[PDB]
file entry_28.txt (compact mmCIF, C-alpha atoms and all ligand atoms)
# COMPACT_ATOMS: atom_id res chain seq x y z
CA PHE J 1 66.54 72.76 30.00
CA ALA J 2 64.65 75.40 31.98
CA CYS J 3 61.29 77.16 32.01
CA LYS J 4 59.79 80.58 32.72
CA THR J 5 56.38 82.18 33.06
CA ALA J 6 54.95 85.20 31.33
CA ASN J 7 54.74 86.95 34.74
CA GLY J 8 58.50 86.61 34.98
CA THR J 9 59.18 83.76 37.33
CA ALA J 10 61.65 81.04 36.34
CA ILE J 11 62.37 77.47 37.27
CA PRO J 12 66.07 76.77 36.58
CA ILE J 13 68.07 73.87 35.22
CA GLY J 14 67.43 70.88 37.43
CA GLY J 15 63.81 71.66 38.19
CA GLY J 16 61.92 73.18 41.07
CA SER J 17 58.57 74.80 41.60
CA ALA J 18 56.72 78.00 40.76
CA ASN J 19 53.34 79.64 41.32
CA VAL J 20 51.26 80.69 38.31
CA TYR J 21 48.09 82.89 38.55
CA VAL J 22 45.41 82.42 35.89
CA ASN J 23 42.43 84.50 34.80
CA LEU J 24 39.14 82.55 34.87
CA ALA J 25 35.79 83.31 33.28
CA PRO J 26 33.91 84.80 36.24
CA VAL J 27 30.59 82.98 35.52
CA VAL J 28 30.27 79.35 34.28
CA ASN J 29 27.11 77.22 34.02
CA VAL J 30 26.60 73.49 34.06
CA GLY J 31 27.41 72.27 30.54
CA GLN J 32 30.00 75.00 29.91
CA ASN J 33 33.74 74.70 30.27
CA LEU J 34 36.26 76.99 31.95
CA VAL J 35 39.28 76.90 29.67
CA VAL J 36 42.63 77.40 31.41
CA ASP J 37 45.28 77.52 28.69
CA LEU J 38 48.74 77.46 30.22
CA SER J 39 50.53 77.57 26.86
CA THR J 40 50.37 81.36 26.98
CA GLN J 41 51.99 81.41 30.40
CA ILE J 42 54.59 78.56 30.66
CA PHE J 43 57.58 78.44 28.24
CA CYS J 44 60.59 76.18 28.18
CA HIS J 45 63.73 75.61 26.15
CA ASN J 46 66.53 73.14 25.49
CA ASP J 47 69.91 74.57 26.42
CA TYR J 48 72.14 72.32 24.17
CA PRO J 49 69.98 71.33 21.19
CA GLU J 50 72.87 70.47 18.88
CA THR J 51 73.91 67.58 21.14
CA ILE J 52 70.91 66.83 23.44
CA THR J 53 67.25 66.09 22.89
CA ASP J 54 64.95 66.98 25.82
CA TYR J 55 61.75 65.00 26.52
CA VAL J 56 58.92 66.61 28.41
CA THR J 57 55.74 65.02 29.80
CA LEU J 58 52.78 66.02 31.85
CA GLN J 59 53.64 63.61 34.66
CA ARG J 60 50.52 64.41 36.67
CA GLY J 61 47.78 66.93 37.03
CA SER J 62 45.90 67.29 40.29
CA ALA J 63 42.91 69.35 41.37
CA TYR J 64 42.60 71.38 44.53
CA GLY J 65 40.11 73.49 46.36
CA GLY J 66 37.05 74.51 44.51
CA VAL J 67 38.15 72.80 41.32
CA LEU J 68 38.48 69.50 43.18
CA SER J 69 35.13 69.97 44.92
CA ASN J 70 32.96 71.63 42.21
CA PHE J 71 34.27 70.66 38.75
CA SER J 72 35.09 67.70 36.56
CA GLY J 73 37.82 68.14 34.01
CA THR J 74 39.93 67.15 31.11
CA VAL J 75 43.43 68.19 30.19
CA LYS J 76 44.73 68.65 26.69
CA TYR J 77 48.44 68.00 26.27
CA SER J 78 50.05 68.50 22.85
CA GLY J 79 46.92 67.74 20.94
CA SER J 80 45.64 64.77 22.95
CA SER J 81 42.95 64.83 25.66
CA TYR J 82 42.98 63.04 29.03
CA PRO J 83 41.03 63.03 32.29
CA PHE J 84 41.84 65.68 34.85
CA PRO J 85 42.86 64.81 37.54
CA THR J 86 45.13 62.66 35.49
CA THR J 87 45.37 58.87 35.52
CA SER J 88 48.88 58.36 34.02
CA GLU J 89 51.92 60.27 32.69
CA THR J 90 51.39 61.46 29.09
CA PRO J 91 53.54 60.74 26.09
CA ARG J 92 56.51 63.01 25.61
CA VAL J 93 56.97 66.27 23.75
CA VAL J 94 60.41 66.88 22.26
CA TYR J 95 62.19 70.15 23.03
CA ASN J 96 64.98 70.72 20.52
CA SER J 97 65.64 74.49 20.41
CA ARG J 98 67.04 77.28 22.57
CA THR J 99 64.06 79.34 21.48
CA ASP J 100 61.28 79.28 24.06
CA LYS J 101 58.43 77.02 23.12
CA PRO J 102 55.11 76.92 25.08
CA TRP J 103 54.33 73.99 27.34
CA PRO J 104 51.17 72.80 25.56
CA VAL J 105 48.83 72.21 28.50
CA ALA J 106 45.25 73.37 28.80
CA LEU J 107 42.56 72.49 31.36
CA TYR J 108 38.84 72.17 30.49
CA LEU J 109 36.77 72.33 33.65
CA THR J 110 33.00 71.87 33.91
CA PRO J 111 30.83 72.41 37.01
CA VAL J 112 29.26 69.42 38.70
CA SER J 113 25.55 69.69 39.41
CA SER J 114 26.05 70.49 43.10
CA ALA J 115 28.16 73.56 42.28
CA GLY J 116 26.60 76.91 42.96
CA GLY J 117 27.64 80.27 44.16
CA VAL J 118 31.32 80.96 44.49
CA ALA J 119 32.75 77.73 43.21
CA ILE J 120 36.38 78.90 42.98
CA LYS J 121 37.70 81.53 45.33
CA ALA J 122 40.01 84.33 44.20
CA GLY J 123 43.61 83.67 45.15
CA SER J 124 43.05 79.98 45.85
CA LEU J 125 45.08 77.00 44.70
CA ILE J 126 43.15 75.22 41.95
CA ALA J 127 45.60 72.79 40.44
CA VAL J 128 49.11 71.38 40.43
CA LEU J 129 50.70 70.38 37.10
CA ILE J 130 53.99 68.42 37.17
CA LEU J 131 56.30 68.71 34.15
CA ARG J 132 58.82 65.88 33.98
CA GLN J 133 61.97 66.45 31.91
CA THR J 134 64.45 63.83 30.79
CA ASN J 135 66.88 63.61 27.81
CA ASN J 136 68.77 61.30 25.49
CA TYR J 137 72.13 62.09 27.04
CA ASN J 138 72.51 61.25 30.75
CA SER J 139 70.48 60.25 33.81
CA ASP J 140 68.79 63.62 34.41
CA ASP J 141 65.16 63.25 35.50
CA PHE J 142 63.76 66.48 36.84
CA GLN J 143 60.39 67.81 37.93
CA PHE J 144 59.08 71.33 37.28
CA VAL J 145 56.11 71.74 39.61
CA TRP J 146 53.55 74.41 38.64
CA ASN J 147 51.09 75.48 41.35
CA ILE J 148 48.08 77.07 39.60
CA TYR J 149 46.13 79.77 41.44
CA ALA J 150 42.94 81.58 40.50
CA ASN J 151 43.11 85.31 40.10
CA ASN J 152 39.40 85.83 40.56
CA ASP J 153 36.23 84.26 41.91
CA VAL J 154 34.25 81.97 39.60
CA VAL J 155 30.50 81.82 40.16
CA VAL J 156 28.16 79.05 39.07
CA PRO J 157 24.62 80.44 38.69
CA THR J 158 22.04 78.65 40.77
CA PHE I 1 33.42 49.17 34.37
CA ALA I 2 35.90 49.35 31.57
CA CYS I 3 36.03 49.79 27.83
CA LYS I 4 37.84 48.42 24.79
CA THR I 5 38.27 49.26 21.13
CA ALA I 6 38.02 47.01 18.09
CA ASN I 7 41.37 45.27 17.27
CA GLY I 8 42.56 47.56 19.81
CA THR I 9 43.13 48.81 23.23
CA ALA I 10 41.45 49.18 26.57
CA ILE I 11 40.78 51.99 28.99
CA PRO I 12 40.70 50.21 32.35
CA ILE I 13 38.67 50.60 35.52
CA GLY I 14 38.91 54.20 36.70
CA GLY I 15 39.12 55.71 33.23
CA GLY I 16 41.82 57.16 31.13
CA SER I 17 42.47 58.05 27.49
CA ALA I 18 42.83 56.18 24.21
CA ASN I 19 43.21 56.83 20.49
CA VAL I 20 40.68 55.33 18.06
CA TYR I 21 41.58 55.07 14.37
CA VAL I 22 38.48 54.98 12.17
CA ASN I 23 37.91 54.24 8.51
CA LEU I 24 35.88 56.94 6.79
CA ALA I 25 34.00 56.95 3.55
CA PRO I 26 36.68 58.16 1.08
CA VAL I 27 34.45 60.25 -1.15
CA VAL I 28 31.58 62.39 0.18
CA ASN I 29 29.87 64.83 -2.18
CA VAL I 30 28.25 68.05 -1.04
CA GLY I 31 24.81 66.90 0.05
CA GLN I 32 25.96 63.33 0.97
CA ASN I 33 26.55 62.21 4.54
CA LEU I 34 29.68 61.02 6.29
CA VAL I 35 28.74 58.74 9.20
CA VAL I 36 31.32 58.13 11.91
CA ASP I 37 29.81 55.17 13.82
CA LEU I 38 31.77 54.57 17.02
CA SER I 39 29.40 51.77 18.15
CA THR I 40 31.42 49.40 16.04
CA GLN I 41 34.64 50.63 17.61
CA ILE I 42 34.07 51.31 21.33
CA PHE I 43 32.58 48.67 23.68
CA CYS I 44 32.06 48.72 27.43
CA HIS I 45 31.09 46.39 30.21
CA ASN I 46 29.97 46.35 33.85
CA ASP I 47 32.30 44.32 36.05
CA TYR I 48 29.94 43.52 38.99
CA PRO I 49 26.49 43.48 37.40
CA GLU I 50 24.79 41.28 40.04
CA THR I 51 25.39 44.06 42.61
CA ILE I 52 26.08 47.37 40.68
CA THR I 53 24.39 49.34 37.84
CA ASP I 54 26.71 51.49 35.74
CA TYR I 55 25.53 54.75 34.11
CA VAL I 56 27.27 56.18 31.05
CA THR I 57 26.84 59.54 29.29
CA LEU I 58 28.46 61.35 26.41
CA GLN I 59 29.58 64.26 28.58
CA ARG I 60 31.01 66.20 25.63
CA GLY I 61 31.90 65.81 21.99
CA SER I 62 34.22 68.20 20.22
CA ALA I 63 35.35 68.51 16.58
CA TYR I 64 38.88 69.02 15.25
CA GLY I 65 40.75 69.43 12.03
CA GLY I 66 38.86 68.96 8.85
CA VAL I 67 35.70 67.92 10.66
CA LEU I 68 35.67 71.23 12.55
CA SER I 69 36.36 73.29 9.49
CA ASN I 70 34.72 71.48 6.56
CA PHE I 71 31.69 69.59 7.97
CA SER I 72 28.56 70.37 9.93
CA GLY I 73 26.54 67.78 11.77
CA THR I 74 24.95 66.13 14.76
CA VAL I 75 25.72 63.38 17.22
CA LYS I 76 23.36 60.56 17.91
CA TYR I 77 23.55 58.91 21.32
CA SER I 78 21.35 55.88 22.05
CA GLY I 79 18.77 56.80 19.51
CA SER I 80 18.45 60.52 20.09
CA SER I 81 20.22 63.25 18.13
CA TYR I 82 21.97 66.30 19.55
CA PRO I 83 24.10 69.14 18.21
CA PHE I 84 27.75 68.39 17.42
CA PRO I 85 29.99 69.91 18.83
CA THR I 86 27.83 69.22 21.86
CA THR I 87 26.24 71.79 24.17
CA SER I 88 25.10 69.57 27.05
CA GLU I 89 25.70 66.17 28.57
CA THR I 90 23.36 63.48 27.29
CA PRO I 91 20.97 61.23 29.15
CA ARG I 92 22.42 58.13 30.71
CA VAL I 93 22.79 54.71 29.17
CA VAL I 94 22.76 51.75 31.57
CA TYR I 95 25.44 49.04 31.46
CA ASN I 96 24.44 45.86 33.34
CA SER I 97 26.38 42.86 31.88
CA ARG I 98 30.03 41.72 31.75
CA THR I 99 29.43 41.08 28.02
CA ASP I 100 30.88 43.86 25.89
CA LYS I 101 28.14 46.23 24.73
CA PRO I 102 28.65 49.05 22.17
CA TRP I 103 28.90 52.69 23.20
CA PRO I 104 26.06 53.98 20.99
CA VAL I 105 27.66 57.16 19.61
CA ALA I 106 27.69 58.12 15.94
CA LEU I 107 28.57 61.37 14.19
CA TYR I 108 26.40 62.42 11.21
CA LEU I 109 28.43 64.93 9.20
CA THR I 110 27.81 66.64 5.89
CA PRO I 111 30.27 68.88 3.96
CA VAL I 112 29.86 72.61 4.08
CA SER I 113 28.87 74.05 0.74
CA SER I 114 32.30 75.56 0.02
CA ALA I 115 34.20 72.35 0.74
CA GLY I 116 36.07 70.65 -2.05
CA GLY I 117 39.10 68.47 -2.41
CA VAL I 118 40.77 66.93 0.60
CA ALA I 119 38.41 67.79 3.47
CA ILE I 120 39.78 65.38 6.10
CA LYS I 121 43.56 64.79 5.92
CA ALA I 122 44.52 61.10 6.65
CA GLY I 123 45.86 60.45 10.24
CA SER I 124 44.41 63.69 11.59
CA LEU I 125 42.44 64.16 14.76
CA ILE I 126 38.76 64.54 13.96
CA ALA I 127 36.95 64.43 17.30
CA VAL I 128 37.27 64.01 21.04
CA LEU I 129 34.42 62.16 22.79
CA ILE I 130 34.20 62.08 26.57
CA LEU I 131 32.46 59.14 28.09
CA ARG I 132 31.41 59.70 31.73
CA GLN I 133 30.76 56.69 33.96
CA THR I 134 29.07 56.67 37.34
CA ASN I 135 27.07 54.01 39.19
CA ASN I 136 24.38 53.34 41.83
CA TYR I 137 26.84 51.95 44.33
CA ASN I 138 29.56 54.36 45.45
CA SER I 139 30.88 57.79 44.52
CA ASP I 140 32.86 56.78 41.39
CA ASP I 141 32.81 59.38 38.59
CA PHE I 142 35.26 58.47 35.88
CA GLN I 143 36.09 59.84 32.43
CA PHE I 144 37.05 57.70 29.46
CA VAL I 145 38.46 60.07 26.85
CA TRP I 146 38.41 58.93 23.18
CA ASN I 147 40.64 60.77 20.73
CA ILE I 148 39.27 59.92 17.29
CA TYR I 149 41.51 59.94 14.23
CA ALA I 150 40.80 59.46 10.53
CA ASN I 151 42.62 56.52 9.00
CA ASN I 152 42.21 57.90 5.49
CA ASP I 153 41.68 61.05 3.46
CA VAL I 154 38.06 62.05 2.78
CA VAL I 155 37.56 63.95 -0.48
CA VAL I 156 34.59 66.13 -1.37
CA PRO I 157 34.41 65.92 -5.19
CA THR I 158 33.92 69.11 -7.17
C1 LIG V 201 25.30 41.49 50.24
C2 LIG V 201 26.28 42.60 50.05
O1 LIG V 201 26.11 43.50 49.22
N1 LIG V 201 27.36 42.56 50.85
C3 LIG V 201 28.40 43.56 50.80
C4 LIG V 201 29.48 43.15 49.82
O2 LIG V 201 28.93 43.10 48.51
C5 LIG V 201 30.63 44.15 49.85
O3 LIG V 201 31.67 43.56 49.07
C6 LIG V 201 31.89 44.57 47.96
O4 LIG V 201 31.17 44.35 46.82
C7 LIG V 201 31.42 45.28 45.76
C8 LIG V 201 30.53 44.85 44.60
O5 LIG V 201 29.22 45.41 44.68
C9 LIG V 201 32.88 45.27 45.38
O6 LIG V 201 33.05 46.45 44.61
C10 LIG V 201 33.85 46.41 43.50
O7 LIG V 201 35.17 46.56 43.97
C11 LIG V 201 36.16 46.52 42.90
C12 LIG V 201 37.59 46.62 43.55
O8 LIG V 201 37.69 45.63 44.59
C13 LIG V 201 39.08 45.49 44.90
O9 LIG V 201 39.62 46.64 45.39
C14 LIG V 201 39.02 47.16 46.58
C15 LIG V 201 39.75 48.47 46.79
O10 LIG V 201 39.91 49.00 45.49
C16 LIG V 201 39.19 46.13 47.70
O11 LIG V 201 38.53 46.55 48.93
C17 LIG V 201 38.52 44.79 47.27
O12 LIG V 201 38.62 43.81 48.29
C18 LIG V 201 39.08 44.30 45.90
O13 LIG V 201 40.41 43.89 46.13
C19 LIG V 201 35.91 47.65 41.96
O14 LIG V 201 36.73 47.45 40.79
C20 LIG V 201 34.48 47.67 41.47
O15 LIG V 201 34.28 48.87 40.74
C21 LIG V 201 34.50 48.91 39.34
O16 LIG V 201 33.43 48.20 38.76
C22 LIG V 201 32.15 48.79 38.95
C23 LIG V 201 31.14 47.89 38.17
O17 LIG V 201 31.33 48.04 36.75
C24 LIG V 201 32.16 50.25 38.53
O18 LIG V 201 30.85 50.68 38.89
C25 LIG V 201 33.19 51.00 39.23
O19 LIG V 201 33.19 52.32 38.89
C26 LIG V 201 34.54 50.30 38.97
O20 LIG V 201 34.80 50.35 37.55
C27 LIG V 201 33.52 47.61 42.66
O21 LIG V 201 33.83 48.77 43.40
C28 LIG V 201 33.79 45.32 46.59
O22 LIG V 201 35.11 44.99 46.19
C29 LIG V 201 33.33 44.35 47.68
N2 LIG V 201 34.15 44.53 48.86
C30 LIG V 201 34.69 43.50 49.52
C31 LIG V 201 35.54 43.85 50.69
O23 LIG V 201 34.49 42.33 49.18
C32 LIG V 201 31.07 44.44 51.29
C33 LIG V 201 31.99 45.64 51.40
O24 LIG V 201 31.42 46.85 50.89
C34 LIG V 201 32.63 47.63 50.38
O25 LIG V 201 32.81 48.13 51.70
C35 LIG V 201 31.82 49.06 52.17
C36 LIG V 201 32.18 49.42 53.63
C37 LIG V 201 31.67 50.26 51.20
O26 LIG V 201 32.87 51.11 51.13
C38 LIG V 201 31.38 49.75 49.78
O27 LIG V 201 31.44 50.89 48.93
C39 LIG V 201 32.45 48.72 49.34
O28 LIG V 201 32.11 48.12 48.07
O29 LIG V 201 29.94 44.76 52.11
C40 LIG V 201 29.00 43.74 52.16
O30 LIG V 201 27.96 44.04 53.05
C1 LIG V 202 82.77 67.34 20.10
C2 LIG V 202 82.21 67.44 21.48
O1 LIG V 202 81.43 68.33 21.80
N1 LIG V 202 82.60 66.49 22.34
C3 LIG V 202 82.17 66.38 23.73
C4 LIG V 202 81.89 67.75 24.35
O2 LIG V 202 80.75 68.37 23.75
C5 LIG V 202 81.60 67.62 25.84
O3 LIG V 202 81.35 68.91 26.38
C6 LIG V 202 79.95 68.98 26.72
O4 LIG V 202 78.80 69.15 25.93
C7 LIG V 202 77.58 68.91 26.66
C8 LIG V 202 76.46 69.16 25.69
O5 LIG V 202 76.17 68.00 24.93
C9 LIG V 202 77.45 69.80 27.89
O6 LIG V 202 76.33 69.32 28.64
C10 LIG V 202 75.62 70.27 29.34
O7 LIG V 202 76.38 70.74 30.51
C11 LIG V 202 75.67 71.84 31.16
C12 LIG V 202 76.50 72.33 32.29
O8 LIG V 202 77.74 72.67 31.73
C13 LIG V 202 78.33 73.82 32.46
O9 LIG V 202 78.70 73.03 33.58
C14 LIG V 202 79.63 71.96 33.33
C15 LIG V 202 79.82 71.22 34.65
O10 LIG V 202 78.57 71.15 35.33
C16 LIG V 202 80.93 72.59 32.78
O11 LIG V 202 81.86 71.58 32.45
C17 LIG V 202 80.64 73.43 31.51
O12 LIG V 202 81.88 74.00 31.01
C18 LIG V 202 79.54 74.48 31.78
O13 LIG V 202 80.13 75.45 32.67
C19 LIG V 202 74.31 71.30 31.66
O14 LIG V 202 73.60 72.40 32.27
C20 LIG V 202 73.51 70.72 30.48
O15 LIG V 202 72.36 70.09 30.90
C21 LIG V 202 71.23 70.85 31.01
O16 LIG V 202 70.70 71.05 29.67
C22 LIG V 202 70.24 69.91 28.93
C23 LIG V 202 69.74 70.42 27.59
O17 LIG V 202 68.59 71.19 27.78
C24 LIG V 202 69.22 69.16 29.74
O18 LIG V 202 69.02 67.95 29.09
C25 LIG V 202 69.80 68.88 31.15
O19 LIG V 202 68.78 68.14 31.85
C26 LIG V 202 70.22 70.11 31.84
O20 LIG V 202 69.01 70.92 32.00
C27 LIG V 202 74.32 69.66 29.70
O21 LIG V 202 74.51 68.56 30.64
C28 LIG V 202 78.73 69.84 28.71
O22 LIG V 202 78.78 70.99 29.55
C29 LIG V 202 79.96 70.00 27.83
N2 LIG V 202 81.16 69.90 28.64
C30 LIG V 202 82.19 70.75 28.53
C31 LIG V 202 83.33 70.49 29.46
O23 LIG V 202 82.19 71.68 27.72
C32 LIG V 202 82.77 66.93 26.52
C33 LIG V 202 82.58 66.74 28.00
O24 LIG V 202 82.15 65.42 28.34
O25 LIG V 202 82.91 65.63 25.94
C34 LIG V 202 83.24 65.62 24.54
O26 LIG V 202 83.25 64.30 24.08
NI NI V 203 68.80 78.47 28.98
NI NI V 204 36.05 43.65 33.19

call {"tool": "encode", "arguments": {"input": "entry_28.txt", "output": "structure tokens", "more": "lines below"}}
Ligand SMILES: CC(=O)N[C@@H]1[C@@H](O)[C@H](O[C@@H]2O[C@H](CO)[C@@H](O[C@@H]3O[C@H](CO[C@H]4O[C@H](CO)[C@@H](O)[C@H](O)[C@@H]4O)[C@@H](O)[C@H](O[C@H]4O[C@H](CO)[C@@H](O)[C@H](O)[C@@H]4O)[C@@H]3O)[C@H](O)[C@H]2NC(C)=O)[C@@H](CO[C@@H]2O[C@@H](C)[C@@H](O)[C@@H](O)[C@@H]2O)O[C@H]1O
Ligand SMILES: CC(=O)N[C@@H]1[C@@H](O)[C@H](O[C@@H]2O[C@H](CO)[C@@H](O[C@@H]3O[C@H](CO[C@H]4O[C@H](CO)[C@@H](O)[C@H](O)[C@@H]4O)[C@@H](O)[C@H](O[C@H]4O[C@H](CO)[C@@H](O)[C@H](O)[C@@H]4O)[C@@H]3O)[C@H](O)[C@H]2NC(C)=O)[C@@H](CO)O[C@H]1O
Ligand code: NI
Ligand code: NI
result
Amino acid sequence: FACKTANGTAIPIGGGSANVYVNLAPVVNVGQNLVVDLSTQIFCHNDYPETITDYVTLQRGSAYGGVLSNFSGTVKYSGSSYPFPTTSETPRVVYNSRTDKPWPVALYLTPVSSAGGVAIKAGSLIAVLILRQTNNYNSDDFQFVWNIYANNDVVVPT
Amino acid sequence: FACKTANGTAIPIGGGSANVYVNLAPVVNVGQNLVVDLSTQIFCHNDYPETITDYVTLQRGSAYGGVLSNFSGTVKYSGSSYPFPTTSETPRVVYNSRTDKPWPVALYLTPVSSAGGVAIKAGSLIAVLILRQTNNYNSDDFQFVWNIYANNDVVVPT
């Protein structure tokens, strides 16, 4: 089991960490959501699907920086919605093919009423999402840690 | 502050996520209404009412599946109606007793004029409703995320 990003970086068998940059709507008002869909950027696969079934959760999602200070959020994982920052590890998604399959995570972020001006700075860390991978074969229990960075400033009109 | 569902589950203090399985009118003709009344399904309480006032909004409601594609409608929250899918967070409802009190959310849906046949597939996701809870006591700001599923097919006769 391993994963890769659309930009080209990889996290190998056994887990690790990577940095992912995301494009953000540059202007967001109270009542609107910024949608950060990581399923177009993070892809994983099972390396021995004939003999092993891989199980993949969103172990935790955390907010940083301007997302932590200026937004409230939800996360959608494989069709179900949860608070973001997260309160518990999600149910599992099965990975059962050598063909890359997206990691089905998307953030929905909405400004709090005190947000205004530059609420998320370009290049800043906005979130950490921890993918936990186990299987039905041995004791492997690995973390793939995705550090999510903004490409651009996000402004909340005042 | 925490919440529970009928014959069901709980989302504890600090928020979280749950699935709610709802029975739906099985036959809804064009021009008839499908009401999804969550006030019989979702109940909340204040855990320290002698000292704290809890405030609860419908921060967002979103449609999925056959409700998104085959119905149009509104959401009523505590006596007032609003567009559904929602465009703004609602006014607050006060919770001030340890006795379970309903969350006063209902969807009022009507088939689109081209709908016919199976318009809501049994077991499918129909809505996500985000309950936001704050108080007059500390900085708590917690999301209770309700993933709403149809227990049965809804047919629009032709
Ligand atoms: C006359 C007067 O008011 N005197 C003050 C005391 O009331 C006060 O004691 C507070 O009282 C509040 C109730 O109003 C209690 O708050 C609840 O705490 C629950 C958790 O308590 C446990 O965990 C704490 C750490 O998590 C720990 O410190 C405690 O000892 C307990 O083990 C919490 O679940 C609850 O919140 C839920 O419920 C409400 C109501 O529905 C929701 O609004 C919330 O969102 C959440 O769902 C609520 O917070 C305090 O436990 C109690 N503290 C103590 C030590 O007894 C004291 C202390 O004030 C606290 O300390 C000050 C410094 C400040 O930080 C306050 O915010 C704290 O409550 O002060 C007296 O003067
Ligand atoms: C009929 C039959 O197959 N009988 C079995 C043999 O299959 C079995 O041989 C093993 O088959 C398993 C697959 O089920 C292999 O498991 C993977 O091993 C690789 C690493 O393998 C390389 O490294 C091994 C030593 O480290 C070498 O022996 C081997 O030759 C290779 O060079 C792991 O990377 C895999 O795990 C990764 O992928 C899975 C799936 O995505 C994830 O779940 C993991 O978390 C991890 O990301 C598997 O562990 C194993 O290599 C095969 N062994 C050999 C020698 O070929 C044989 C051995 O016990 O037993 C017979 O009964
Ligand atoms: Ni591989
Ligand atoms: Ni209670």

call {"tool": "closest_residue", "arguments": {"input": "entry_28.txt", "among": "J:31, J:123, J:49, J:83", "to": "residue J:62", "atoms": "only C-alpha atoms"}}
result
J:83

call {"tool": "closest_residue", "arguments": {"input": "entry_28.txt", "among": "I:72, I:110, I:5, I:17", "to": "chain J", "atoms": "only C-alpha atoms"}}
result
I:17

call {"tool": "closest_atom_pairs", "arguments": {"input": "entry_28.txt", "of": "chain J", "to": "chain I", "cutoff": "8 Å", "atoms": "all atoms listed in the file", "output": "JSON lines"}}
result
{"residue": "J:31", "atom": "CA", "partner": "I:88", "partner_atom": "CA", "distance": 5.0}
{"residue": "J:32", "atom": "CA", "partner": "I:87", "partner_atom": "CA", "distance": 7.6}
{"residue": "J:80", "atom": "CA", "partner": "I:147", "partner_atom": "CA", "distance": 6.8}
{"residue": "J:81", "atom": "CA", "partner": "I:145", "partner_atom": "CA", "distance": 6.7}
{"residue": "J:82", "atom": "CA", "partner": "I:17", "partner_atom": "CA", "distance": 5.2}
{"residue": "J:83", "atom": "CA", "partner": "I:143", "partner_atom": "CA", "distance": 5.9}
{"residue": "J:86", "atom": "CA", "partner": "I:16", "partner_atom": "CA", "distance": 7.8}
{"residue": "J:87", "atom": "CA", "partner": "I:16", "partner_atom": "CA", "distance": 5.9}
{"residue": "J:88", "atom": "CA", "partner": "I:16", "partner_atom": "CA", "distance": 7.7}

call {"tool": "residues_near_ligand", "arguments": {"input": "entry_28.txt", "ligand": "ligand NI 204 (chain V)", "cutoff": "12 Å", "atoms": "all atoms listed in the file", "output": "JSON, numbers by chain"}}
result
{"I": [1, 2, 3, 4, 10, 11, 12, 13, 14, 43, 44, 45, 46, 47, 48, 49, 96, 97, 98, 99, 100, 101]}

call {"tool": "residues_around", "arguments": {"input": "entry_28.txt", "residues": "residue I:68", "least_positions_apart": "2", "cutoff": "10 Å", "atoms": "all atoms listed in the file", "output": "short mmCIF file (atom, residue, chain, number, x, y, z; two decimals) with C-alpha atoms, in the coordinates of the input"}}
result
data_model
loop_
_atom_site.label_atom_id
_atom_site.label_comp_id
_atom_site.auth_asym_id
_atom_site.auth_seq_id
_atom_site.Cartn_x
_atom_site.Cartn_y
_atom_site.Cartn_z
CA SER I 62 34.22 68.20 20.22
CA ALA I 63 35.35 68.51 16.58
CA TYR I 64 38.88 69.02 15.25
CA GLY I 65 40.75 69.43 12.03
CA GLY I 66 38.86 68.96 8.85
CA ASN I 70 34.72 71.48 6.56
CA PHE I 71 31.69 69.59 7.97
CA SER I 72 28.56 70.37 9.93
CA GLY I 73 26.54 67.78 11.77
CA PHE I 84 27.75 68.39 17.42
CA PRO I 85 29.99 69.91 18.83
CA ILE I 120 39.78 65.38 6.10
CA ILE I 126 38.76 64.54 13.96
CA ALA I 127 36.95 64.43 17.30
#

call {"tool": "residues_around", "arguments": {"input": "entry_28.txt", "residues": "stretch 33-37 of chain I", "least_positions_apart": "3", "cutoff": "7 Å", "atoms": "only C-alpha atoms", "output": "list in words"}}
result
residues 24, 25, 28, 40, 105, 106, 107, 108, 109 and 110 of chain I

call {"tool": "atom_distance", "arguments": {"input": "entry_28.txt", "atom1": "atom CA of residue J:124", "atom2": "atom CA of residue J:152"}}
result
8.7 Å

call {"tool": "atom_distance", "arguments": {"input": "entry_28.txt", "atom1": "atom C6 of ligand LIG 202 (chain V)", "atom2": "atom CA of residue J:132"}}
result
22.6 Å

call {"tool": "closest_residue", "arguments": {"input": "entry_28.txt", "among": "I:22, I:30, I:58, I:94", "to": "ligand LIG 201 (chain V)", "atoms": "all atoms listed in the file"}}
result
I:94
